[PDB]
Every structure is written in C-alpha cells, then in structure tokens.
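J.: Got a structure for you, written out below as structure tokens; questions coming shortly.
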Amino acid sequence: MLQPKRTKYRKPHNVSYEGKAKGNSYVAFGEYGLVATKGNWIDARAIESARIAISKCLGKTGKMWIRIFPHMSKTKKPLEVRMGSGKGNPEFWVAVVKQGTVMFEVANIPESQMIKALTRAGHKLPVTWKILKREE
Amino acid sequence: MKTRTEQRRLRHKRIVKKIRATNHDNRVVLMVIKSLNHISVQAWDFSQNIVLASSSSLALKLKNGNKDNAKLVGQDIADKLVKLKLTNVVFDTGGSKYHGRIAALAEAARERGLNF
Amino acid sequence: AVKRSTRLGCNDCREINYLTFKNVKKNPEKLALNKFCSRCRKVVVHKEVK
Amino acid sequence: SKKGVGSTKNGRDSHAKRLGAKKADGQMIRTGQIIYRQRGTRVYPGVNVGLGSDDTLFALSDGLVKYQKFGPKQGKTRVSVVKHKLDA
Amino acid sequence: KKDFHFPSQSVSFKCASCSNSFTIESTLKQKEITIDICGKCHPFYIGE
Amino acid sequence: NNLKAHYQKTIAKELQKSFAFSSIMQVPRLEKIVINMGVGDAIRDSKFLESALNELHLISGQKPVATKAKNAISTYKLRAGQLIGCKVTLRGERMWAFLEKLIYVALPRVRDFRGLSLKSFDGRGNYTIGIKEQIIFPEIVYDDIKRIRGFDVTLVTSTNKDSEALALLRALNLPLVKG
RNA sequence: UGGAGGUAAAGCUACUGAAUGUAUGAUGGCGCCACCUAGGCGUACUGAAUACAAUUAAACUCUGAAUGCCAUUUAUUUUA
RNA sequence: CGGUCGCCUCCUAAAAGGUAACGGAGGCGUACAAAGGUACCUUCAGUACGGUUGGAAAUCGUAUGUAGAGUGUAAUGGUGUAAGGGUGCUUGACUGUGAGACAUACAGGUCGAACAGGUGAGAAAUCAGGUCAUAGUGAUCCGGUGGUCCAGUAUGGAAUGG
RNA sequence: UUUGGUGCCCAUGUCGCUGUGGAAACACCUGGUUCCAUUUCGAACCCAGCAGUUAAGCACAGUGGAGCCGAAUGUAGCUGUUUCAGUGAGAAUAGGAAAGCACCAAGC
Ligand SMILES: [Mg+2]
Ligand SMILES: [Mg+2]
Ligand SMILES: [Mg+2]
Ligand SMILES: [Mg+2]
Ligand SMILES: [Mg+2]
Ligand SMILES: [Mg+2]
Ligand SMILES: [Mg+2]
Ligand SMILES: [Mg+2]
Ligand SMILES: [Mg+2]
Ligand SMILES: [Mg+2]
Ligand SMILES: [Mg+2]
Ligand SMILES: [Mg+2]
Ligand SMILES: [Mg+2]
Ligand SMILES: [Zn+2]
Ligand SMILES: [Zn+2]
C-alpha cells in the first residue's frame, strides 16, 4: 500500500484527470511500457494488485520501474450521513493518471514474457491500456 | 572586508539615493570627492544628469591634501556657481565624514553667497 | 478590555491636553515629557495626572 | 435515523480589502490622488509620487501617470507622474 | 586611545645564566624584574 | 622596539631572497593577534567574569571588550542579550610588544613546552595557539578567579597560503616542532 | 496603442513539502573480534549529501499566455 | 442536540476589483519611553578549516555562501546597505486645520499634498501629526471628572445646564 | 581618444583563471603632536606628507570553466468558428556573451 509519509494538508481539492499527458509520457527507464488511453482515478490498492500480479509472473532476473505514485488523497463521508458539517476524513490515496502516461515498465527478460506481464498488470487497472516500446 | 575606496562608494550610494528622493525644488547637487592626495569638486544636476560646474586641485595646481587648500577649492567652485546664477545647492560628501578638509571646503562655499 | 491608557497634563495651567499609553507593570516611574500646550502656546513639561 | 453529524471548526473569513491599481496608465491625474493601494510595496515610487502609512502610492503633482518596469531581471515595478510639460 | 590607569611602561627583564635584559612594555614595577626561565634558558629553543 | 627595526631589516632581506619576490612588501607582514578569554560561568557567577577582564587588561594594555552570543541554548543555560567572553585585538606598536613578550618570557615558562606546529594553520594562513593555563603569564597576581583557564591566542597574515605564513614564523623564530 | 496581474499551461537542481531508479555513499540495524573504552573488518539491509535520468501540488513558483479589466487615440451613434 | 455569531491573513476566487456554502487552514480583544523621531556608523543564518576549560552545537580568526537570517505576533505581501543591528541627542506617540481621493446603502473606515504656531535631530538639504503594512475594537441614551471669554426663569449670586 | 571621478543602467554588466601597467592621477604606504575616533584596536573614521610600492585594489589583453541570456521549427493551453484558422508559451537546443549609454578634469 503506497502512501506518502506525511502531507501538509489532510483534505486537498481533487485533481482533474481530463486532458493530455503531463510527464511520464515516454518510456525512459525500461523499453516496454503500459500506456493509458483514458484518464481516471486509480488508487494505491490497484497498484499493489497490479504490481503483485506482474511480480508473480516475472522471473529471476527481470527488473521493473513504477512511474506513477498516489500523491493525492480522497475523502468519503461516512454512510448514513446527511449533507453538511464539514468535509469528510481522508480515506484512500489515488494517483492521477492522464491519457498518455506510462504507468509500468519492464526489462531484462525475453520478449514474450513481458507482453504477458504487462497484460496482467493492465487487466488489474480500470484504464484502457496499450503497449509501447522505447525509441532507439 | 573591503578597501576604503569601496566603502566610500557604498556610503556615497546611500547619500545619492536619499537626495534624489527628497530634493523637490531640483537644486544642483555639489558632490565633493576627497582622495588621499587631492580633493576635486563637481556640481551635477540629477534632472538632466550633467555637470554644470567643476573644480579640482589639478585645475587649481596645488600640492593639496591640506585644510588650507580646501578653502581655495571651495572658493573656486562657489565663484563658478554665482556666475552660473545658481545659489540654492545641496552639499553631499563623497561618502566621507563631514569634517576637517571636507568642512573647510563646505564652509568656504558658504561665505560667498551660497545657500545650503 | 484592559486599561493601559494614561494622561499627560501641563504644569503651568494644570490642563490635560494629551492622551497616551503607558505600562504600569513594566515602566514604574512617572512620565515627565515636554509637549505643546494650547493654553500657554509654547512647549512645556507634561506630567502624568490621575 | 440521523446518526448525528460532526461540527466544523473553520468558517471565518475577513473583509476583502480592495487593493490593486486605481489609476491606469495614460489617465490624467491631479495632485494628492492615490495611484496604487497595496500591502507591502509591490510597485515602487518614482518622481512626483509619494508614500503613506499603508504603503499607498499617491501623486505629488499634476501630470500623466506612467509605469516603468525596472530592477534585477526586470522584476520590480516603478510608478511616476510625468508632469503635463505643456511648455507652450 | 589613551587616558588609562594601567600605563604600558617599557620594563626590562633580566634572566639567570644569560642576562639578556629584554625591554618590553608592561604595567608593572619599574625595575629589573628577574625571570627564571627566559627564551634562551630553554632546551627546546637552543640545544638540540 | 629595537627588535622592531631588527624585524624590518632581517625579514626584508631573507624573505626577499628566499622566493625572489618582485617587491619588498610582497613578503608577508603580520597584522593583529586577537586574544579571546571567554567563559560560560558568567551566566551564573557573573562576578567571576569581571575579574577575568582585569587580567586581560593587565596582560596587553588594552581593556577587553566583552562579547555577546548570537544565539540561545538551554542546555548551556545561554540566552540572547548576555555578555559571555571578552576579545582583544592589538595593532600598531602594542601587538609586537605582546608577541615578543609572549615568545621570550611567558611561552618558555610553560610547564611542558613540547610545542605544536604544521597541524594548526587553518588553510588561509592563520594560526592558533591553545594555551592550557593562565598562571604561567607573568602579569598576573596569585589572587585570581577560583577557576583557572588557558588562552586562545591566534595569528593572522597578509598572505593566504600557509607555506609563506610558515616561512614568516621561521623567519621570526617562533619556537615549534620543526616550525 | 499603453499598462496592471500571476490564472490556464509548464517546471521542480528556482524554493517548500511529496516522491522513482542507477552510481558514489554519512548514518544506524546486523554481525565477528578486540576492548570495557577508544574502537576496528564485512554487512540479507535502512537510508543524509552529491551526480545522472525521471515525477506531484487550491493554500509550490526560476518562468507564464489568451480572454477579460482600466485609460487614451480615431470613426460612428444616443441625449441618455 | 452539537457548533458558530465581531475584526484580521491565505486558498477556494476562474492573472483588474468583487463573489457563497455547517468549504479548507490559522490568529486577534495587543506590544514598545523604546521596538517612536532624527543624525552617524554598520550588514545575513548556516557551513568548511584552525583553537584550554568547551562537549554535534556558547565565544574567536579566515574563507565560503546570495537569503534558507532578522524584521515583537497568525498568515500574506514587502524588505539583504534596506524597513535589519549599534550609538548620540531627543519626545512630532505636537496644537488649529485641511485642497484632493479610495471604498462605501447609511453610520462609519483609509491615504493625504499644503498652510499657520511652537519644537526635536542635523552643517544643511531634509525628515518627524507613532511603529515594514494589514487584526488589538462598541453607536445612542444616562450619569461622573477637569477646564471654560456661554446661559443664570424680576435684579445680584447660587442651583442647574451649555 | 586614454587615465581618474560620477550618474544612468541592474550579469549578454557576474564569480574565477592567466598575463601587462603606471607619466599625471587612483591606490596601497609613512606617523599619531594637533581637529576627529574605536561598544577595544590611527583596523576603520580624521588629520599631514609622499620615502617606498605595482602584491592588492584599479585599468587593459586572453580565457566559453561555473553562473546568465537565447533564435527558428514543433507542441501544450486559449479565442472564435470549426471538428480548422489565428494566437502562441514553458521545457529542450544551435548559439551569443569577457558590458553598454552620457558628463567633467588632465596629457592628448
Ligand atoms: Mg482577504
Ligand atoms: Mg496546472
Ligand atoms: Mg520540488
Ligand atoms: Mg444551541
Ligand atoms: Mg478575473
Ligand atoms: Mg482577483
Ligand atoms: Mg510573520
Ligand atoms: Mg535611536
Ligand atoms: Mg523602526
Ligand atoms: Mg439608561
Ligand atoms: Mg436670577
Ligand atoms: Mg426667581
Ligand atoms: Mg600586478
Ligand atoms: Zn499650559
Ligand atoms: Zn636565560
């Protein structure tokens, strides 16, 4: 469960995911990457599910990079609570993924295994994923 | 931390800033700069940024660095200002404490009709 | 509210013409300033008046 | 069932002080008029422009106002009142 | 600066073995005060 | 001082020849010996500090100015606005008087003067000598502070390179191990 | 046409926080010794600082628009 | 039921100003006879090296460092020759005013050139009608206190008012 | 034109490195007996003189190391109407850059 050690403000305004791709747009650490095609809010739980799935289907020498990080938190008012009396308490942390940001990258294991590994990582995420390679 | 000449420039920067902020009647500004050997004098005008009158030991040809010659230098610059028909002046030092040679030059300007 | 104000009165016409502030806790000695007086039309010593 | 609701602790705000530029560039101005109200000198004073007890810029003579950018990397703003200078 | 109660007066210092009357300014008795170990009476400064 | 004239003549010739310096005043010249007798007991026993000052006066001929800390620490009982420590900086004729008096009378009286050098220069040409006890200085009567202390005599030079500063010390015959 | 501004955007070696990998690595944990105190050789590992490559922000800014706002110049229109 | 009720700072507030919610964070009901006014002088914190007590860190010297220092305070803005620090003399923390403006439903609030009187600093020019700026505050009625060139119910006082 | 002083400017003006220079001036420098001064030091401030001096500072030539500036193309955001026309950033880059504009006094 990825989580910032401390934050200055407990309850920040939500960060929009509509728009193009700001940073993390091109594979620059590995050479295959899982790009997104639909901006959405994805939480640290989905990262851990996808990262554990990919790691289980990885090998003994493969190496991985995690680009996105859940910096921003989100709140949720408790159930059966009527409107008013202030904002709710922070519940879960979500990373803002825009259309075009490379989320996961893999290297150092043959080609066939990485496509399968990226596939299982993207089936754990709500965004519509697509595979990209690193420019020579 | 520095040398005397740099400190004199720093103090000179302080005085010039104050005068340019408060001189409302636009008088000519009589800045005197004293060195170890000689002392020179020039009357600038910060509205036009030129020098109206000037005087120096080199111009007056004296073995200066003494309080005696400061009076003559002050006398020469005051004579030039009266011919120029300017008598309301502001007097600032080059950044040195107003005393000794500087005082003789300043006092010399005062007895011949200058207003400062 | 707290009352830290104090009065300064002339010592010639014994008229109170100014209102100032004073800390009795920190500064213990009575003020003996010199201010303008409307009556005497000059500067004169003003002392604290109850 | 209402289940009850908590209490908010921060709902206080102050009156908005109407700062900013008052007289625009090119505007005719008489002596004694405010040109810029600010909290801390955001625009420096120049010629024929004074200062107050609230760092408020006011004119000192008749003329046309003029803003000039100055300072390191041109990050400081300065105001002046260029007199009519009609001079026949 | 001046106008002090402690006057810096040139007092001479004698030593044993080698006289070496060194005159140095100090605020002490105005006479030939004898020092028992001077510079010249030290194994470090002279003498291997 | 007659040795001051000796300083002029001797330092000029030898230093000039040793490195072919193109000007006689390129050779280094010593400026000021700062003395810093500072003690933290003035936070509690202020009286003690006063006596300290008088001894500093009696050693140099300049009354010591008491210095104040620029911070506040609870563990040391320190607080801002207090005077803890006096510093004296001698110039002109008096500093050379103190220097010669130190090396010839006070310094060789040190209980065990084995000396220390080469490991004292700060890299900019300065030099500090850490004295252990004050009683060794002749200008002090037996009656003194209930606590005894040392000294922090330091030196400065016009040059910024340590080797030429060492050269000046050797020309001045400042008695340290190999330096 | 002139000007005020600090948003959208962008950037984080230009700060404040958050934060990924690689390399050199303070630091501790962990040992094995000697020494009871000054320490030493490797650390399954933690990770200061620096360099390279990459990130995040309503209450971050070394930058940074358009629109909008104010005024003036010219043309036209209405007696508001 | 719980919470709040006035004022000040930031964000939301969409680059003029203004803009709400039981929206998100904080403070105030002051402090200073110096932390005011003036003249003069002066400039970080930290870090590196070198040095008795003295230690990671007290003080000293040199160098480096462009603000992370200070500016009484909650934030914002400003300010590194400044508005920060020190010293000397002082009390303008004045009297009577006030053209012209900001912002405003009103009541109130904010800035202010300039004039007359008499002062303080300074050689003088100049500056001083409280502080680097914004919170530190409560109408009217009623009564009390000081002064007063006004009234004093026939007249002189007094009472009682102005 | 060159040196010295100063104002305007506020790094394409800086920090640093390597060399050259002084005729006059600028500077270090020589002393504290005078005016003046140190929260303590003639260090500084202030005096009266130029013996020595080109290390400094200062002034010139080189140095693209650090810092700074930065084109065109393209792109993100905007305005309209389109699902295309203007507006056009930030970042990155080729690269520039060893200041510039005026006044005065002296030999020129
Ligand atoms: Mg507000
Ligand atoms: Mg944005
Ligand atoms: Mg950052
Ligand atoms: Mg209730
Ligand atoms: Mg707007
Ligand atoms: Mg606005
Ligand atoms: Mg604050
Ligand atoms: Mg004062
Ligand atoms: Mg103040
Ligand atoms: Mg009642
Ligand atoms: Mg009657
Ligand atoms: Mg009656
Ligand atoms: Mg040279
Ligand atoms: Zn009176
Ligand atoms: Zn002997």
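Residues in the structure tokens are numbered from 1 in each chain, the chains being A, B, ... in the order shown, and ligands are numbered from 1 in the order shown.
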Identify, on the basis of only C-alpha atoms (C1' of nucleotides), every residue whose closest approach to segment 15-23 of chain E does not exceed 10 Å; exclude the query and any residue fewer than 5 positions from it along the same chain; express the result as a VMD selection string.
T.: (chain E and resid 9 to 10 32 to 41) or (chain F and resid 1 to 3 97 100 to 101 104 to 105)
J.: Write as a VMD selection string the residues around ligand 8, taking 12 Å as the cut-off and counting only C-alpha atoms (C1' of nucleotides) and all ligand atoms.
T.: chain H and resid 33 to 40 85 to 91 121
J.: Give me, please, the distance in Å between atom CA of residue 85 of chain F and atom CA of residue 36 of chain F, quoted to one decimal.
T.: 7.1 Å
J.: Find the residues near ligand 5. Use a cut-off of 12 Å, count only C-alpha atoms (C1' of nucleotides) and all ligand atoms, and write them as a PDB file with C-alpha atoms (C1' of nucleotides), in the first residue's frame.
T.:
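Generated output (out19.pdb):
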```
ATOM      1  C1'   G G   5      -1.997  40.866 -12.948  1.00  0.00           C
ATOM      2  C1'   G G   6       0.433  35.684 -11.716  1.00  0.00           C
ATOM      3  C1'   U G   7      -4.796  32.026 -13.675  1.00  0.00           C
ATOM      4  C1'   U G  67      -9.716  36.172 -22.694  1.00  0.00           C
ATOM      5  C1'   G G  68     -11.249  39.757 -19.527  1.00  0.00           C
ATOM      6  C1'   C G  69     -10.315  44.973 -16.887  1.00  0.00           C
TER       7        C G  69
ATOM      8  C1'   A H  13     -11.839  33.241  -6.211  1.00  0.00           C
ATOM      9  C1'   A H  14     -11.907  31.226 -12.740  1.00  0.00           C
ATOM     10  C1'   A H  15      -3.868  36.528 -13.863  1.00  0.00           C
ATOM     11  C1'   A H  16      -8.418  44.229 -12.538  1.00  0.00           C
ATOM     12  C1'   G H  17     -11.746  44.723  -8.162  1.00  0.00           C
ATOM     13  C1'   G H  18     -15.878  41.966  -6.127  1.00  0.00           C
ATOM     14  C1'   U H  19     -18.038  36.806  -5.330  1.00  0.00           C
TER      15        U H  19
END
```
J.: Using DSSP on the backbone coordinates, identify all residues within chain A classified as alpha helix (DSSP H); present the result as a PyMOL selection string.
T.: chain A and resi 44-56+111-123
J.: Which residues sit within 10 Å of ligand 12, counting only C-alpha atoms (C1' of nucleotides) and all ligand atoms, listed as a ChimeraX atom specification?
T.: /H:153-155
J.: Go ahead and save the residues from that selection, with C-alpha atoms (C1' of nucleotides), as a PDB file, in the first residue's frame.
T.:
```pdb
ATOM      1  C1'   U H 153     -36.582  81.998  34.921  1.00  0.00           C
ATOM      2  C1'   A H 154     -37.683  90.315  38.354  1.00  0.00           C
ATOM      3  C1'   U H 155     -32.423  92.047  39.829  1.00  0.00           C
TER       4        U H 155
END
```
J.: Taking 6 positions as the minimum chain separation for residues in the same chain, which residues sit within 12 Å of residue 55 of chain A when counting only C-alpha atoms (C1' of nucleotides)? Answer as a ChimeraX atom specification.
T.: /A:47-49,61-66,104-106,113-114,116-118,120-121
J.: 12 Å from ligand 1 is the threshold here; counting only C-alpha atoms (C1' of nucleotides) and all ligand atoms, which polymer residues fall inside it? Answer as number ranges by chain.
T.: D: 12-19, 39; H: 8-13, 18-19, 75-76, 134
J.: Residues within 12 Å of ligand 14, counting only C-alpha atoms (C1' of nucleotides) and all ligand atoms: report them as number ranges by chain.
T.: C: 8-18, 34-47; H: 95, 147
